[PDB]
Each structure stands twice: as structure tokens, then as C-alpha cells.
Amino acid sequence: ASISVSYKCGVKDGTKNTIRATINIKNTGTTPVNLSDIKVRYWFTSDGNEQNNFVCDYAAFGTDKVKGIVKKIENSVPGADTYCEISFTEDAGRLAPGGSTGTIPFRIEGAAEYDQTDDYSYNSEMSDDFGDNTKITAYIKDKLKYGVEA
């Protein structure tokens, strides 16, 4: 069982209190994987924002099947004092070998203005197309399968 994630940095704007980005999850192995077994983590510094809410903009199987929770990290490291963990509900479906979700655009919103230039998972060089951003991590059943942590 293996997966990859590809990533495009959001438009930039506009609104300084919104992190926007789009990911695509691909099954690169030889067996089907249920979406409900997959987690994606986006690692960042919340910059004093105590509240950080996740919103899913669009997903092919429905935005009501994408869940996000944002958690503070106890032992913070450079580039991450907070991560957003994206997961799927049991009815999101499954990815056959070679299958991919296509674009899932999302946003993380705060009450104050983020500085995305000190966020580990941010890569401003991937604005114009999807790239392989290995500063975003992904898991199958809680085992790391893509990217490099923290």
C-alpha cells in the first residue's frame, strides 16, 4: 500500500488571514486503499492565532466527507507549532491502484493575519502547477507513507 500527494500553493490574495492550498492524493501501490485509512498533515506556525479553522472548498466525492482538525504541537520545531490533519469519513470511497482524488482545495482561517513564509509545509515555488511537496506528510492507518515530518 502506497500513496503520494501532489500540491499547489494557493493564489496568495487578498486576504492575509487565510491559508489556501490544493492537494491531490494518488494510490501508487498495487492494492486498493480506503480514503478513511488515509490522513494528510499540513505543518505550519499559527503566528499567535489561537483559533484556526479548517474548511474544504471542493472534493469530487463531496465536501461533507472531508474532515480537518487543527492541533497545537507540544515540542514545536522550526516551521511548525501547529498542524492541520485532513481525514475522510467511511463513505468517501476507495482509491484503486493508479486512482487519485483530483483537486481538493482547502483553507485554514484565523482571526489575525498569518505569515505563511515561516510555515514548513508552505512552498511558494509551486503556485503555477502541482508539484511534489515533501514538506506535506501522509499516512495510511497512521504509518508514514509520503513526505518528511516536522
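All residue numbers are counted from 1 along the displayed sequence.
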property	result
Stretch with the greater mean C-alpha B-factor as recorded in the entry, comparing 8-16 against 126-134	8-16
Which of 113-121 and 44-52 has higher mean CA B factor, as the PDB entry lists it	44-52
Third of the chain, ranked by Cα B-factor, where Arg94 sits	highest
Entry-reported Cα temperature factor of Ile69, expressed as the chain third it lands in	highest
